[PDB]
Amino acid sequence: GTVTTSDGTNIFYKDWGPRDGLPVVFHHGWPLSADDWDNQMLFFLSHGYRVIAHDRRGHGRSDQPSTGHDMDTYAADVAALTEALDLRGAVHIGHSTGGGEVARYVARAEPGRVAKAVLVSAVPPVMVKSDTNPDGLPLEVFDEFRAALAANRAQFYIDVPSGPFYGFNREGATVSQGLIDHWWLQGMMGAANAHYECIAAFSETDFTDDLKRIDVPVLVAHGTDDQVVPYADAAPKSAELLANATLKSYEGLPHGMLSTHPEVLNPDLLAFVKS
Amino acid sequence: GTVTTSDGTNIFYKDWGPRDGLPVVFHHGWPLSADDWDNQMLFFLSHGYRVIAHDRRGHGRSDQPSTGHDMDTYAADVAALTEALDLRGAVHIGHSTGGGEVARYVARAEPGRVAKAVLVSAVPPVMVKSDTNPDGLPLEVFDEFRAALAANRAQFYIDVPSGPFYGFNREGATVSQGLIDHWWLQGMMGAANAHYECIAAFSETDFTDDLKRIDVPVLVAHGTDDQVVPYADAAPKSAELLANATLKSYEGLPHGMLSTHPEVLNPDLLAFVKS
Amino acid sequence: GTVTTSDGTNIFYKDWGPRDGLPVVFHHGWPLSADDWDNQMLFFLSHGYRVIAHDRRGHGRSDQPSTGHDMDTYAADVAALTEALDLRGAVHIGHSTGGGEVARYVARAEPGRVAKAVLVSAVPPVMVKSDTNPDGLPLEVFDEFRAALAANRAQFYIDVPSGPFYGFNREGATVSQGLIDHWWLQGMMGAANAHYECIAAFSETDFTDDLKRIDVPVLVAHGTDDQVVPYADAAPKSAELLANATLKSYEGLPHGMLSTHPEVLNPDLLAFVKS
């Protein structure tokens, strides 16, 4: 389906499963699309849930607008979607950049919209190194990403999934060429301007205040060998700021562990959704 | 263009060639799209035919609805398109799973809408082993496709076209990386739930009754080294059940022979459409 | 965004940047899409311009109509778009086949619509060999393209970008696998019939009279080792026929130079637009 937001942007979404099922809403990372969740959507569908996933503005099949590439607009786009579908008691699961979108939307959501949230390999509290965050990554790492994306996006999108994203640069790791090709295809369908601008939106936005307002139970899951969103500056810190958080650490797993190790993660997600 | 079906699903279709030419409609297999017919669409166009091809629901550029992944809905979606275009005297060509859709649509079509039909490498009568079909394939063959698709669809869709679909695993075959990569792209564009559910629809639906209902002339074509839809349980059985069928056997050709050997097949399809 | 033309064809386009920015409109080459301009769009956006690029009919995300695959229609589709956006004083940049479409559009544009144009590695004045153009390429070259495209588009779309398009067949060239894969993707998304018919459109159309009617400043840029649109029969001839043209030759650069050497071409495009 599609949902039109307040500035006229059409957002594409998938909505599968029982109309009466408990809604599980998935928020993809950068620079991907709702199709990055195939495995988890089939999994949750098989357990009877209703599964919903949208393409962020400028990504996948959604429109490619000139503006709105920032976390507040992203969270507002989610609210347009959940209001259009009139979702109640949904579970929101966000990966990477999508975990920041989830944190901001759940902090601002209308009552009864959300029951639980899951932040997987997520960006909060804040990634960039600063006064307030001495353990963050320097701005130069993100300048690098911006410069390579602008210069030859198609090559940059082979390098990322080939190296750090799924940990395929680690000696002995089982490599899947299909995961590399699929990441590149999802990224090439989206907009160069949205992908370029989103880098600053995921790495420089402070979600500390958002996390402080979340009162529903939150599962915080992260792999310890994450080469994209450093584990120590994210997971433990987010868990400490949330009122009702469960922290799960997966030794040796990468940033895209939902696709490389779904047999480890999926049972832990279903347990939490059922608790 | 697109056509809206009774449940509100939008179906993408192509319609090229003279508006008054005889219509030849192409039905793609699993898990592809209308783009699998490029070669045959240009070949028929060059002989002055009007050439139509749609993306099955949940495939290519069509919508990805929650339900309707079954042969009865697929044939009703075909009727929705042929009614919107008001086709008369059309020739329907179906490959693989599209051959099952053709058999069911043609058996139920309003009289005058169809002139002739062609089943290439098609699934009928019935693939799976049952009480009525002991030479069929065991269910476990299909349970493996389901499990590989659900675990890592992007890698499973490299594995199928690299191996059995086009016979590139046979010694001495001509391998085209282009055919592999195009199969993968068309597959990854479609929906994971549609592709998953379709496996039961193409392999367990019994088309025996549809086949007994068809009265127009039917060309049944099939490669004898078909590693996806086994030759002996399909083509000769279909031809024996159809009132007016012509059986064409192609020694040593694979399941995707319309793309690996179009120079052999195209003239034979053409002869049939002109007869 | 999308605009519907007067024959009902939908054309997709992107429009990014300030609303009061001078409009720089990009016209991609054969058989590509608006996405071929990612580098140049982010570059001009970073200098405060509004940047616009559409998918030619039968290409990329635009519809795939039966007809209209000719330069007169391509220039009327551009007129339809610039009227809908109400562009005034735009700069039109065209690559390859897109440079012929820019010449035709600019020659017929309404008063006030165009300020300047840029023809990069463009097809004017006329490619095909004849009595009028003794240095053209023989019709046989384009007949081979037609034949390879119709036989196996998927494989021909790997061969073109792998050999001649980007000069990767030259000893010592730095090959980018992402450039190859992206060319192929953009090509496979477009229509086989449009791509096939466009070959005659770009190689056989004589743009001599179009060039003689253009009176705005025109930059004619061309690589001297262009293996798709030979330099000697294009750039110098176009520059002689234009009233106010600046010719820039790039020694040893390929047809795809905007993507292989953007650090060389982008400065020159910007200096032309600021002049």
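What follows is calculated from the coordinates using simple rules that are stated; it is not laboratory data. With ideal geometry, Cβ positions are generated from the backbone for all residues, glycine too; neighbour counts draw on all protein chains shown.
Summary of computed values
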quantity: Some residue of segment A:94-106 being in contact with a strand residue (DSSP E or B) (Cβ under 7 Å, 6 or more places away or on another chain) and surrounded by fewer than 22 Cβ atoms within 10 Å (Cβ to Cβ); calculated: no
quantity: Unique residue being among the polar types (S, T, N, Q) and in contact with a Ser or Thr (Cβ under 9 Å, 6 or more places away or on another chain) when the list is A:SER6, A:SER33; calculated: A:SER33
quantity: Test: B:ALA115 is in a strand (DSSP E or B), in contact (Cβ under 8 Å) with a residue 60 or more places away in the chain and among the hydrophobic types (A, V, I, L, M, F, W, C); calculated: yes
quantity: Boolean, A:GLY29 is at positive phi and of a type in the set (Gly, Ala, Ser); calculated: no
quantity: Pairs where the first residue, in segment B:24-45, is aromatic (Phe, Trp, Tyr) and the second is part of a loop (DSSP other than H, G, I, E, B) and buried (at least 24 other Cβ atoms within 10 Å of the Cβ), C-beta under 7 Å, 6+ apart; calculated: B:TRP30/B:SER96; B:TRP37/B:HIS28
quantity: Residue count, segment B:205-229 (criterion: over 18 Å from B:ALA90 (Cα atoms) and within 15 Å of the chain's Cα centre (by Cα)); calculated: 8
quantity: In segment B:141-153, residue nearest to the other protein chains (Cβ to nearest Cβ) [restricted to those that are of a type in the set (D, E, K, R) and surrounded by fewer than 20 Cβ atoms within 10 Å (Cβ to Cβ)]; calculated: B:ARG146
quantity: Per-region count, segment A:118-148, residues in a helix (DSSP H, G or I) and of a type in the set (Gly, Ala, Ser); calculated: 2
quantity: Residues satisfying the stated conditions in segment B:1-19, i.e. part of a loop (DSSP other than H, G, I, E, B) and within 12 Å of another protein chain (Cβ to nearest Cβ); calculated: B:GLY1, B:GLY8, B:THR9, B:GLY17, B:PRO18, B:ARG19
quantity: Lone qualifier among C:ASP20, C:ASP15, C:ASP36 - being of a type in the set (D, E, K, R) and surrounded by 22 or more Cβ atoms within 10 Å (Cβ to Cβ); calculated: C:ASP36
quantity: Any helices (runs of 4 or more DSSP H) falling wholly within segment C:154-271 and containing at least 2 residues that are closer than 30 Å to B:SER259 by Cβ and within 14 Å of chain B (Cβ to nearest Cβ); calculated: C:177-189, C:192-204
quantity: Hey, C:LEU32 over 23 Å from C:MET257 (Cβ atoms), away from every other protein chain (no Cβ under 11 Å) and hydrophobic (A, V, I, L, M, F, W, C) or not; calculated: no
quantity: Conditions (1) assigned to a helix (DSSP H, G or I); (2) within 19 Å of C:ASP215 (Cβ to Cβ): number failed by C:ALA84; calculated: (2)
quantity: Residues satisfying the stated conditions in segment A:39-51, i.e. out of contact with any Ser or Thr (no Cβ under 7 Å at 6 or more places or on another chain) and either of a type in the set (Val, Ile, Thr) or surrounded by 20 or more Cβ atoms within 10 Å (Cβ to Cβ) (or both); calculated: A:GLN40, A:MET41, A:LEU42, A:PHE43, A:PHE44, A:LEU45, A:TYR49, A:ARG50, A:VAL51
quantity: Scan of segment C:236-275 for residues that are under 15 Å from C:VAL118 (Cβ atoms) and under 14 Å from the mean Cα position of the chain (by Cα), ordered by number; calculated: C:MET257, C:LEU258
quantity: Matching residues, segment B:218-227, being surrounded by fewer than 21 Cβ atoms within 10 Å (Cβ to Cβ) and in contact with a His (Cβ under 8 Å, 6 or more places away or on another chain); calculated: B:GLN227
quantity: Extreme residue, surrounded by the fewest Cβ atoms within 10 Å (Cβ to Cβ), among residues of segment B:241-275 that are touching a helix residue (DSSP H, G or I) at 6+ places or on another chain (Cβ under 9 Å) and more than 19 Å from B:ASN39 (Cβ to Cβ); calculated: B:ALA243
quantity: Members of segment A:35-73 that are assigned to a strand (DSSP E or B) and more than 10 Å from every other protein chain (Cβ to nearest Cβ); calculated: A:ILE52, A:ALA53, A:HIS54
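One line per residue, one yes/no per condition, for (1) aromatic (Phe, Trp, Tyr); (2) under 30 Å from B:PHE272 (Cα atoms):
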{"residue": "B:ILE158", "(1), (2)": "no, no"}
{"residue": "B:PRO164", "(1), (2)": "no, yes"}
{"residue": "B:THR208", "(1), (2)": "no, yes"}
{"residue": "B:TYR231", "(1), (2)": "yes, yes"}
{"residue": "B:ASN244", "(1), (2)": "no, yes"}
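Residues are listed down the side, and each one gets a yes or a no for (1) within 14 Å of the chain's Cα centre (by Cα); (2) farther than 20 Å from A:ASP210 by Cα; (3) among the charged types (D, E, K, R):
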| residue | (1), (2), (3) |
| --- | --- |
| A:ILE11 | no, yes, no |
| A:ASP15 | no, yes, yes |
| A:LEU22 | no, yes, no |
| A:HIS28 | yes, no, no |
| A:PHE43 | no, yes, no |
| A:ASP55 | yes, yes, yes |
| A:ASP63 | no, yes, yes |
| A:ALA79 | no, no, no |
